[PDB]
Amino acid sequence: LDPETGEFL
Amino acid sequence: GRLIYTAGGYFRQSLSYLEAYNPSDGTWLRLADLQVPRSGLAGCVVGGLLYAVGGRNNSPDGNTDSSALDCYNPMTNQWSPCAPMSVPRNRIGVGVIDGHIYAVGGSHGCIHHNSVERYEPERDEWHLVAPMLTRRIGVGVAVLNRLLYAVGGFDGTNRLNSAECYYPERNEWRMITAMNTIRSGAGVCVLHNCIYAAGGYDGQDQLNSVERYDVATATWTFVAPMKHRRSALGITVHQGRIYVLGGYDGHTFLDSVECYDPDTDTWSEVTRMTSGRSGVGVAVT
């Protein structure tokens with residue numbers, strides 16, 4: 001979970 | 001009567017949307033979808049044609065970073081692919097000088113690029129120019145006085161408040177006055193000879209603060225902050241006003257589109273995107 005974009009990688 | 005185009009973004013997966021908003025009538029258009037879905041791309045315009053640069057397709061099946069340049073003609077409502085970049089660039093920064101598209105920074109896996117490359121539409125070629133001093137992803141870009149500014153971002157280790165200018169004729173980079181706040185994934189644009197950097201992530205929290213670089217004084221001044229905090233947000237200028245579009249506020253995905261009036265120094269909610277998303281590209285024509 002990228003805090004900046006919210007994308008789940 | 002120019003529109004604010006918005007391409008792609010993320011909600012659960014990378015998106016193919018292309019949509020346009022008209023501030024005169026407050027309506028949304030549904031235009032032809034992207035050939036390949038992507039998020040963390042950037043938008044720009046050259047000769048009335050929308051370009052969508054880089055990003056990545058974070059789908060259920062997996063992740064593929066994009067080196068692709070695709071071009072959308074408003075008159076034909078058709079996407080056409082162009083020559084790809086030398087490397088893939090997710091969380092890309094883009095600016096235009098003299099009908100040439102500069103691709104700034106961005107990532108490919110663990111690699112955080114400091115390289116920059118330049119696109120010539122009339123030849124359909126990409127060429128490397130001088131790389132930035134700092135490596136940057138989530139980087140704001142803004143063309144001002146025919147110089148390209150790379151503002152904020154993430155260097156692989158830390159979130160940055162530093163900014164730096166590019167000189168096309170000289171082909172060299174130079175650091176400038178760093179920002180008041182640290183900002184990765186901010187919306188960065190140019191209004192009335194100043195650079196605005198809105199929103200982003202400071203390392204801990206999401207931001208609603210907006211600060212304004214004056215070129216003559218070389219100092220960053222705060223202006224009225226946004227109502228809704230956001231990072232990885234879309235941004236553009238349309239007829240003397242800044243428009244911020246969507247993003248991620250730490251909890252949820254925004255469909256809010258706020259509008260800044262520089263005369264009153266007041267933000268306002270103007271419309272909603274048709275669905276909440278982050279990491280959209282945005283351009284105006």
# chains A, B, ... in the order shown; residues from 1 in each chain; ligands from 1
call {"tool": "residues_around", "arguments": {"residues": "residue 5 of chain A", "least_positions_apart": "2", "cutoff": "8 Å", "atoms": "only C-alpha atoms", "output": "PyMOL selection string"}}
result
(chain A and resi 2-3+7) or (chain B and resi 185+231-232+247-248+278-279)
call {"tool": "write_last_selection", "arguments": {"atoms": "C-alpha atoms", "output": "PDB file, in the first residue's frame"}}
result
ATOM      1  CA  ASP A   2       1.698   3.150  -1.364  1.00  0.00           C
ATOM      2  CA  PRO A   3       0.744   6.034   1.003  1.00  0.00           C
ATOM      3  CA  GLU A   7      -2.180   1.804  -5.094  1.00  0.00           C
TER       4      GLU A   7
ATOM      5  CA  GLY B 185       2.960  13.565  -5.431  1.00  0.00           C
ATOM      6  CA  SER B 231      -1.777  13.208  -2.939  1.00  0.00           C
ATOM      7  CA  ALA B 232      -1.199  11.839  -6.474  1.00  0.00           C
ATOM      8  CA  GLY B 247      -6.318  11.853  -5.677  1.00  0.00           C
ATOM      9  CA  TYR B 248      -5.819   9.848  -2.472  1.00  0.00           C
ATOM     10  CA  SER B 278      -5.688   8.837  -8.208  1.00  0.00           C
ATOM     11  CA  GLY B 279      -2.702   9.211 -10.535  1.00  0.00           C
TER      12      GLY B 279
END
call {"tool": "interface_residues", "arguments": {"of": "chain B", "to": "chain A", "cutoff": "10 Å", "atoms": "only C-alpha atoms", "output": "JSON, numbers by chain"}}
result
{"B": [9, 10, 11, 12, 13, 14, 39, 40, 58, 59, 60, 62, 63, 91, 138, 183, 184, 185, 186, 200, 201, 202, 203, 204, 205, 206, 230, 231, 232, 233, 247, 248, 249, 250, 251, 252, 253, 277, 278, 279]}
call {"tool": "write_last_selection", "arguments": {"atoms": "C-alpha atoms", "output": "JSON list (two decimals), in the first residue's frame"}}
result
[["chain", "number", "residue", "atom", "x", "y", "z"],
["B", 9, "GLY", "CA", -5.80, 6.76, -12.95],
["B", 10, "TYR", "CA", -6.30, 4.10, -10.28],
["B", 11, "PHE", "CA", -9.26, 2.64, -8.39],
["B", 12, "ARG", "CA", -8.63, -1.01, -7.36],
["B", 13, "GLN", "CA", -6.81, -1.35, -10.72],
["B", 14, "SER", "CA", -5.30, 0.94, -13.39],
["B", 39, "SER", "CA", -1.92, 5.17, -13.58],
["B", 40, "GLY", "CA", 0.83, 7.60, -12.55],
["B", 58, "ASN", "CA", -1.27, -2.10, -11.96],
["B", 59, "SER", "CA", -3.89, -4.77, -12.73],
["B", 60, "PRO", "CA", -5.08, -7.88, -10.82],
["B", 62, "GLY", "CA", 0.31, -7.96, -12.08],
["B", 63, "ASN", "CA", 2.29, -4.76, -12.73],
["B", 91, "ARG", "CA", 4.92, 8.68, -11.43],
["B", 138, "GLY", "CA", 6.02, 11.83, -7.87],
["B", 183, "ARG", "CA", 5.88, 17.35, -1.10],
["B", 184, "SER", "CA", 5.87, 14.06, -3.00],
["B", 185, "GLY", "CA", 2.96, 13.56, -5.43],
["B", 186, "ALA", "CA", 1.92, 17.24, -5.41],
["B", 200, "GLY", "CA", 1.06, 15.89, -1.84],
["B", 201, "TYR", "CA", 2.65, 13.72, 0.87],
["B", 202, "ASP", "CA", 5.16, 15.20, 3.38],
["B", 203, "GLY", "CA", 6.43, 11.82, 4.65],
["B", 204, "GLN", "CA", 3.80, 11.39, 7.38],
["B", 205, "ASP", "CA", 0.45, 12.85, 6.23],
["B", 206, "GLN", "CA", -1.44, 14.08, 3.15],
["B", 230, "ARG", "CA", -4.78, 14.95, -1.36],
["B", 231, "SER", "CA", -1.78, 13.21, -2.94],
["B", 232, "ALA", "CA", -1.20, 11.84, -6.47],
["B", 233, "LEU", "CA", -3.75, 14.41, -7.67],
["B", 247, "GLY", "CA", -6.32, 11.85, -5.68],
["B", 248, "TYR", "CA", -5.82, 9.85, -2.47],
["B", 249, "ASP", "CA", -6.38, 11.35, 1.02],
["B", 250, "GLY", "CA", -4.93, 8.38, 3.00],
["B", 251, "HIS", "CA", -8.33, 6.71, 3.50],
["B", 252, "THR", "CA", -10.31, 6.94, 0.28],
["B", 253, "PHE", "CA", -10.05, 7.84, -3.45],
["B", 277, "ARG", "CA", -9.37, 7.99, -8.74],
["B", 278, "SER", "CA", -5.69, 8.84, -8.21],
["B", 279, "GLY", "CA", -2.70, 9.21, -10.54]]
call {"tool": "atom_distance", "arguments": {"atom1": "atom CA of residue 50 of chain B", "atom2": "atom CA of residue 2 of chain B"}}
result
12.4 Å
call {"tool": "atom_distance", "arguments": {"atom1": "atom CA of residue 182 of chain B", "atom2": "atom CA of residue 107 of chain B"}}
result
19.2 Å
call {"tool": "residues_around", "arguments": {"residues": "residue 176 of chain B", "least_positions_apart": "5", "cutoff": "7 Å", "atoms": "only C-alpha atoms", "output": "compact mmCIF listing (two decimals) with N, CA, C and O atoms, in the first residue's frame"}}
result
# COMPACT_ATOMS: atom_id res chain seq x y z
N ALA B 163 13.74 21.76 -5.26
CA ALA B 163 13.30 22.00 -6.63
C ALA B 163 14.52 22.34 -7.47
O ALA B 163 15.57 22.67 -6.92
N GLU B 164 14.37 22.27 -8.79
CA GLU B 164 15.47 22.55 -9.69
C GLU B 164 15.03 22.91 -11.11
O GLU B 164 14.07 22.35 -11.64
N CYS B 165 15.77 23.84 -11.70
CA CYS B 165 15.45 24.45 -12.98
C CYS B 165 16.26 23.78 -14.08
O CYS B 165 17.40 23.38 -13.83
call {"tool": "closest_residue", "arguments": {"among": "B:81, B:55, B:105, B:225", "to": "residue 35 of chain B", "atoms": "only C-alpha atoms"}}
result
B:81
call {"tool": "residues_around", "arguments": {"residues": "residue 124 of chain B", "least_positions_apart": "6", "cutoff": "12 Å", "atoms": "only C-alpha atoms", "output": "list in words"}}
result
residues 69, 70, 71, 81, 82, 83, 84, 85, 100, 101 and 118 of chain B
call {"tool": "write_last_selection", "arguments": {"atoms": "N, CA, C and O atoms", "output": "PDB file, in the first residue's frame"}}
result
ATOM      1  N   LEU B  69       4.216   6.439 -25.243  1.00  0.00           N
ATOM      2  CA  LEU B  69       3.598   7.706 -25.586  1.00  0.00           C
ATOM      3  C   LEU B  69       2.462   7.393 -26.555  1.00  0.00           C
ATOM      4  O   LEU B  69       2.691   6.801 -27.609  1.00  0.00           O
ATOM      5  N   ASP B  70       1.242   7.762 -26.178  1.00  0.00           N
ATOM      6  CA  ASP B  70       0.072   7.655 -27.047  1.00  0.00           C
ATOM      7  C   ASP B  70      -0.509   9.054 -27.227  1.00  0.00           C
ATOM      8  O   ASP B  70      -0.432   9.875 -26.310  1.00  0.00           O
ATOM      9  N   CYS B  71      -1.089   9.302 -28.403  1.00  0.00           N
ATOM     10  CA  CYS B  71      -1.594  10.616 -28.793  1.00  0.00           C
ATOM     11  C   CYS B  71      -3.078  10.555 -29.177  1.00  0.00           C
ATOM     12  O   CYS B  71      -3.461   9.747 -30.023  1.00  0.00           O
ATOM     13  N   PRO B  81      -0.781   5.335 -31.204  1.00  0.00           N
ATOM     14  CA  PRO B  81       0.469   5.179 -30.470  1.00  0.00           C
ATOM     15  C   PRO B  81       1.622   5.918 -31.158  1.00  0.00           C
ATOM     16  O   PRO B  81       1.608   6.076 -32.384  1.00  0.00           O
ATOM     17  N   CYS B  82       2.591   6.370 -30.358  1.00  0.00           N
ATOM     18  CA  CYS B  82       3.805   7.042 -30.837  1.00  0.00           C
ATOM     19  C   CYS B  82       5.036   6.254 -30.391  1.00  0.00           C
ATOM     20  O   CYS B  82       4.899   5.205 -29.758  1.00  0.00           O
ATOM     21  N   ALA B  83       6.227   6.752 -30.726  1.00  0.00           N
ATOM     22  CA  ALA B  83       7.484   6.080 -30.362  1.00  0.00           C
ATOM     23  C   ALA B  83       7.646   6.027 -28.842  1.00  0.00           C
ATOM     24  O   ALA B  83       7.363   7.017 -28.166  1.00  0.00           O
ATOM     25  N   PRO B  84       8.082   4.874 -28.298  1.00  0.00           N
ATOM     26  CA  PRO B  84       8.209   4.747 -26.843  1.00  0.00           C
ATOM     27  C   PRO B  84       9.471   5.422 -26.282  1.00  0.00           C
ATOM     28  O   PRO B  84      10.435   5.650 -27.021  1.00  0.00           O
ATOM     29  N   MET B  85       9.450   5.722 -24.979  1.00  0.00           N
ATOM     30  CA  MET B  85      10.584   6.345 -24.279  1.00  0.00           C
ATOM     31  C   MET B  85      11.720   5.336 -24.103  1.00  0.00           C
ATOM     32  O   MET B  85      11.499   4.127 -24.158  1.00  0.00           O
ATOM     33  N   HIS B 100       7.734  20.626 -27.862  1.00  0.00           N
ATOM     34  CA  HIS B 100       8.538  19.448 -27.523  1.00  0.00           C
ATOM     35  C   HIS B 100       8.216  19.000 -26.123  1.00  0.00           C
ATOM     36  O   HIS B 100       8.201  19.820 -25.196  1.00  0.00           O
ATOM     37  N   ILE B 101       7.977  17.696 -25.961  1.00  0.00           N
ATOM     38  CA  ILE B 101       7.543  17.110 -24.691  1.00  0.00           C
ATOM     39  C   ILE B 101       8.752  16.596 -23.923  1.00  0.00           C
ATOM     40  O   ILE B 101       9.457  15.711 -24.410  1.00  0.00           O
ATOM     41  N   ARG B 118      13.422  13.996 -24.321  1.00  0.00           N
ATOM     42  CA  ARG B 118      12.707  15.044 -25.040  1.00  0.00           C
ATOM     43  C   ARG B 118      12.114  14.474 -26.329  1.00  0.00           C
ATOM     44  O   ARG B 118      12.826  13.833 -27.102  1.00  0.00           O
TER      45      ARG B 118
END
call {"tool": "residues_around", "arguments": {"residues": "residue 46 of chain B", "least_positions_apart": "3", "cutoff": "12 Å", "atoms": "only C-alpha atoms", "output": "list in words"}}
result
residues 43, 49, 50, 51, 52, 71, 72, 73, 95, 96, 97, 98, 99, 100, 101, 102, 119, 120, 121, 122, 283, 284 and 285 of chain B
